[PDB]
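Single-structure report; data block below.
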Amino acid sequence: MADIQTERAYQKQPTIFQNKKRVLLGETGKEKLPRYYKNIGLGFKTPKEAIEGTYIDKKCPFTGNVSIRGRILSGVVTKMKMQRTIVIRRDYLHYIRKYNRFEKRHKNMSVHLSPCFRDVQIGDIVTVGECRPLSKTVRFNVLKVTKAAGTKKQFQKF
Amino acid sequence: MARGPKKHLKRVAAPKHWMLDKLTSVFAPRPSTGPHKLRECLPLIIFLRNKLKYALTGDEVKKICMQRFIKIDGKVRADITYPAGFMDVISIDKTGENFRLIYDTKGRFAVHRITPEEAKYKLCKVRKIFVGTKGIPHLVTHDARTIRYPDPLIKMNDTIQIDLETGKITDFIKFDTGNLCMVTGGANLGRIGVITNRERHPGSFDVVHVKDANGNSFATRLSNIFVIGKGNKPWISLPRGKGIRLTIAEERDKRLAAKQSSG
Amino acid sequence: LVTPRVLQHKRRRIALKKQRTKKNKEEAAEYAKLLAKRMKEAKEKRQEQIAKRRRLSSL
Amino acid sequence: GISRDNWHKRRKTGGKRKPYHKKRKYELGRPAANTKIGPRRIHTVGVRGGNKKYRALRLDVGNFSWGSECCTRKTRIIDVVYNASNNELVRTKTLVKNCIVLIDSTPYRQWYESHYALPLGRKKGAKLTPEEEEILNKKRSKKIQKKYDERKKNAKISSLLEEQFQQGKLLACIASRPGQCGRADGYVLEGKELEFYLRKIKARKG
RNA sequence: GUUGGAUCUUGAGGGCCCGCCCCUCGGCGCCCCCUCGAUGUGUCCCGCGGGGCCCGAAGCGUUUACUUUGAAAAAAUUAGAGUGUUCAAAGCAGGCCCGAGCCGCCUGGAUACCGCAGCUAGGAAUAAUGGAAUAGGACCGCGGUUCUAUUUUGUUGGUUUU
RNA sequence: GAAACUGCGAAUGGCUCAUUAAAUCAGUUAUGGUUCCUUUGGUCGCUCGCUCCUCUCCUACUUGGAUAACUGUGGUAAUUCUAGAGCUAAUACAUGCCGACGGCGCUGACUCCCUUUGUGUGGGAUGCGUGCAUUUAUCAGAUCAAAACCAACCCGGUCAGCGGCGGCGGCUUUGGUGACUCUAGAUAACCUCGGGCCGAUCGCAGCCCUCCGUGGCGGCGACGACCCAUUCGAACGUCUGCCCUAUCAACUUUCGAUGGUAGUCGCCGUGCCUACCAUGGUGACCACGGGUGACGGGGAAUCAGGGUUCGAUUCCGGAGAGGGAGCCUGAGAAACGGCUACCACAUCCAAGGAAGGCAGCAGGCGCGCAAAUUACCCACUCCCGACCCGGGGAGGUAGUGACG
């Protein structure tokens with residue numbers, strides 16, 4: 001995917017490095033050195049995008065060094081604006097016993113969106129998982145972007 | 001503030017199952033640092049002078065300890081508030097009496113005399129089994145005893161006869177279905193029973209469905225299950241109050257029937 | 001000052017060290033026997049498993 | 001004193017947090033090492049929770065590894081040619097992690113020629129004249145044949161490496177914090193990465 | 001913001017109660033291995049113990065809230081059990097047998113409660129929720145074309161398949 | 001055995017609720033993001049011999065030299081003030097040793113045999129690397145189903161090789177977690193210098209000498225040191241919950257507001273801080289702003305039920321010790337019965353200076369409608385220490401006490 005020569009510093013993945021041996025020239029990779037991928041478990045599989053990647057993101061749990069442990073939550077994408085982050089609105093029920101009905105409440109949470117998820121848009125249902133604080137607001141990372149009925153474009157003829 | 005850890009613990013804030021009084025004393029004994037966590041411990045003092053009643057002052061308790069007539073786990077202690085725990089054996093060398101601590105299903109620490117044959121060893125469940133530094137393996141028991149070069153087929157939740165004469169592994173018992181367990185802590189405190197099924201859930205917290213001897217079925221977390229040997233093969237006897245589970249009505253019938261019928 | 005107590009203490013220090021070295025050797029050697037004997041019964045299972053995989057593949 | 005907390009600054013909402021307690025010893029957040037190039041001094045520092053952390057003040061040697069031959073040699077680091085964290089760091093000659101430094105060519109080349117018993121090519125006229133020739137001749141009388149069978153496709157090494165030898169210095173990247181570790185250790189630049197850094201060095205200048 | 005129409009299938013036993021209808025397990029079976037009876041690296045009763053595949057069963061089909069069972073769930077308090085503080089506020093005690101060598105016997109300090117949310121699990125009514133329209137989902141239904149990963153022809157390399 | 005040095009406590013205890021409005025805090029979760037004295041359990045000879053300086057590096061029957069207490073002379077209006085001289089200890093301080101006689105790889109003077117050599121089997125003195133930790137780099141961390149041939153070459157049945165190999169087959173070798181480039185292994189080094197480590201310590205007693213004082217060794221326990229686990233914790237992270245206000249409707253970054261990337265820094269995550277680069281983040285589901293005798297919980301009072309009201313106050317968590325700011329010691333403190341500065345307060349003064357913090361226990365003043373002994377004791381209950389032994393306004397005990 002996206003090059004790591006776009007910035008001003010070249011990167012590598014841990015224990016993936018050039019041996020160029022006796023033979024002349026490279027590496028000088030043809031994919032910028034072997035792309036290492038690994039699973040994260042809990043009913044998720046690494047997608048094509050991780051393997052295809054070479055990106056400078058490392059907050060991805062399929063190519064990074066981040067570990068996903070804790071609660072797994074779901075939310076709907078309320079905003080996509082700038083790169084590598086999205087805002088999800090997480091609906092929950094707050095229980096009131098005192099009145100004999102109870103009220104919906106919500107919170108918006110900024111959450112990192114890896115470049116291991118592309119062809120994504122607003123309105124998408126997304127499954128996020130807990131992680132160590134990546135940045136000041138962002139505690140979480142998108143593990144899977146689901147598509148899912150109730151959303152349609154599923155009645156087709158192409 | 002709070003500039004460091006407390007070195008005191010007040011009474012009426014100590015764990016219930018130690019069987020201390022309410023407000024008639026303003027300070028509880030408090031366990032020392034040791035191999036077990038302070039919630040589940042039983043300070044030596046409470047056993048020595050509140051259950052076996054060999055002292056009526058604290059001055060005496062210190063003087064008792066300095067005699068060094070008390071070994072705990074075959075080794076010679078002199079600590080006034082020793083942090084004994086589950087299946088820790090106390091050895092009085094002046095009288096030849098060995099007592100072990102195991103829960104009643106009432107939830108009170110039992111005074112449970114055992115023979116010196118059964119006080120040779122105790123069964124300790126592995127907490128971690130560790131590939132240590134320079135590729136030497138070790139097992140680590142719940143009571144924080146690290147034994148090097150352990151048997152090379154063991155796996156997690158096995159029990160291990162630790163010997164207290166000589167240390168080290170003195171065989172082992174393999175973890176399998178239907179093994180005897182005592183379920184410790186929670187609402188299932190001091191109940192004994194088999195297994196039946198251990199349900200596995202990926203990610204944190206795995207529950208183990210237990211069936212007790214009576215035939216009451218319940219689940220608890222794996223953490224709350226302690227393996228105490230091989231199925232239908234005890235290595236220490238049942239304590240007082242059944243040690244299985246008894247109803248409040250049955251318990252009342254026992255309490256009134258035995259009282260004013262002894263002596 | 002070196003005196004007979006000091007000499008005795010020096011001999012205790014080396015003695016304990018000597019004892020500890022020989023202890024490690026014995027445990028390691030005994031462990032090796034246990035590990036090696038186990039092989040014959042345990043690890044020979046592997047031949048059976050490799051062989052049966054070919055029987056299964058046939059049909 | 002110098003500070004490091006999450007209970008200050010602005011909220012997501014645009015609000016402002018109001019303090020939780022008064023500054024404490026744990027929050028300490030000591031000023032920078034500011035280690036540069038010059039004669040080696042390192043100091044042991046007492047830090048929180050016990051333990052010892054090295055504070056380097058001036059470094060000039062590192063242990064730089066040739067990652068395609070799996071050998072590391074201790075060499076001089078004479079200057080910072082490029083740093084991608086800030087351009088000023090290069091100009092001030094402050095050593096930080098990921099500084100692109102210049103190390104001697106000669107020990108790595110000397111190791112390879114001796115070890116494989118055949119020279120890569122000719123680095124320089126001066127280099128050739130007293131030895132390089134010696135190595136080529138061999139001290140094997142006897143076991144000449146053994147070297148020839150053993151070493152196939154040598155009398156050479158990779159193009160990028162050979163080019164750097166000609167320069168008389170090799171580009172290398174600092175892979176450790178020079179101020180916390182007290183080590184300015186790193187790996188020699190090679191293949192794609194070297195090409196990219198040369199492009200950056202050329203781009204920035206002029 | 002709140003609220004919202006109608007509409008989808010589950011006969012025996014005993015005098016209701018039970019399972020059903022318009023593959024990680026268990027196992028009807030099929031094929032494999034130590035084989036279990038025809039047999040003693042091994043079958044044709046079978047997957048029974050470990051397997052694979054795959055039915056009554058079951059993730060089944062698309063989600064839940066709800067409700068239901070568990071755990072996790074401070075002690076004191078509090079409700080409240082046991083207990084004869086002379087009653088009682090309270091306390092967690094106590095009661096016996098022996099002359100005082102009985103070198104003594106023995107009962108206790110129950111149980112209940114957890115804003116929420118989360119965890120586990122049974123139900124599928126209720127309220128939402130699910131899809132195939134200029135076609136799509138199921139069953140190795142099959143072909144021509146191309147790719148890549150590793151088993152294997154002892155080992156390792158090349159070519160060609162599967 | 002006064003003292004003094006050494007080590008440890010002094011961060012705990014006790015007190016009060018001013019401060020703070022998702023902050024504190026509660027419950028539920030996390031550390032795979034990290035630190036942890038001590039206790040408890042393992043870890044205690046070695047440089048694996050610099051191819052033994054460590055047989056010469058030969059101080060091992062043990063190295064070096066200085067302070068207290070002490071002795072003497074003293075200074076200061078005043079200080080828990082302190083100078084100088086004469087000594088002089090170590091489990092204080094800085095060093096360094098006895099030791100593998102059987103460590104370990106390729107380079108390699110080379111040397112032996114069979115196809116001359118070429119090509120192949122072998123084994124090698126001369127060097128340098130052979131404890132762990134630290135820091136760097138690479139490899140490793142095997143892991144799934146069958147065939148026909150050809151090129152290299154292991155064996156077995158033959159021989160179109162002639163088991164030197166061409167024609168048929170054949171055995172086919174790694175620790176965990178749901179999940180880490182995890183654990184562990186291999187290679188090549190690096191250094192920490194006064195500035196990683198591997199005992200120059202002591203108290204009790206029991207031994208034996210091809211033989212007489214030496215050198216070797218067995219038990220009990222003391223203390224220190226290294227590494228890992230443990231225990232008491234700590235600092236941050238998840239989720240869900242708090243009062244009133246719109247005569248508070250838009251808010252957040254020019255002194256970062258949110259995010260990407262890279263680094264500095266920190267016990268460690270992180271705009272923590274900074275470069276560069278993006279233009280975000282949040283609100284009618286009440287944000288933002290303002291108010292608050294606003295500490296939080298467990299809990300308390302009254303209510304048929306529903307509810308309403310209370311919570312500084314015997315227990316748990318957090319917070320502060322006149323206000324601010326900074327720091328030292330130590331595993332842990334931004335500490336008032338530690339320190340340093342300033343500010344507000346107060347004190348001594350000989351006028352040069354010097355010492356201080358009752359929201360500790362009593363007590364006093366002030367305040368008010370409102371609240372007690374300037375008492376006695378460590379015996380209980382526990383805490384601390386080198387320890388049964390000592391010290392404790394922790395805490396107990398009485399006195400005051402028509403809250404009730």
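All residue numbers here begin at 1 and follow the chain in the order shown.
Structure method, as recorded: electron microscopy, 5.8 Å.
Note: Cβ is positioned from N, Cα and C throughout, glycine not excepted.
What Swiss-Prot annotates here:
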COMPBIAS  D:7-25  compositional bias 'Basic residues'
CROSSLNK  D:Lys169  SUMO2 cross-link
CROSSLNK  D:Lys192  SUMO2 cross-link
LIPID     D:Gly1  N-myristoyl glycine
MOD_RES   D:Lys36  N6-acetyllysine
MOD_RES   D:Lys127  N6-acetyllysine
MOD_RES   D:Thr129  phosphothreonine
MOD_RES   D:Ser159  phosphoserine
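DSSP assigns D:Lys127 (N6-acetyllysine) to a helix in the three-state reduction. The secondary structure of D:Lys169 (SUMO2 cross-link), as reduced to three states from DSSP, is extended strand. A Cα-Cα distance of 53 Å separates the residue listed as 'N-myristoyl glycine' from the residue listed as 'phosphoserine'. The local packing around the residue listed as 'N-myristoyl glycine', expressed as other Cβ atoms within 10 Å of its Cβ over all shown chains, amounts to 9. The Cβ of D:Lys127 (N6-acetyllysine) lies under 8 Å from the Cβ of D:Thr106, each on the same chain and at least six residues away in sequence.
It is D:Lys192 that, of the recorded positions D:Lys36, D:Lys169, D:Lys192, has its Cβ surrounded by the most other Cβ atoms within 10 Å.
Note on proximity: among D:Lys36, D:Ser159, D:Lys169, D:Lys192, the recorded positions of the record, the Cα nearest D:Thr129 (phosphothreonine) is that of D:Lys169. For the compositional bias 'Basic residues' (D:7-25), residue counts in helix, strand and coil come to 1 helix, 2 strand, 16 coil, using DSSP. Most buried of the modified residues D:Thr129, D:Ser159, judged by other Cβ atoms within 10 Å, is D:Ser159. In terms of C-alpha distance, the listed recorded positions D:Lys36, D:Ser159, D:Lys169 place D:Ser159 closest to D:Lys192 (SUMO2 cross-link). In this structure, D:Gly1 (N-myristoyl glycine) belongs to neither helix nor strand by DSSP; it is coil. Contacting chain A by the Cβ rule (under 8 Å between Cβ atoms), the recorded positions D:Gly1, D:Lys36, D:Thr129, D:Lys169, D:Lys192 reduce to D:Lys192.
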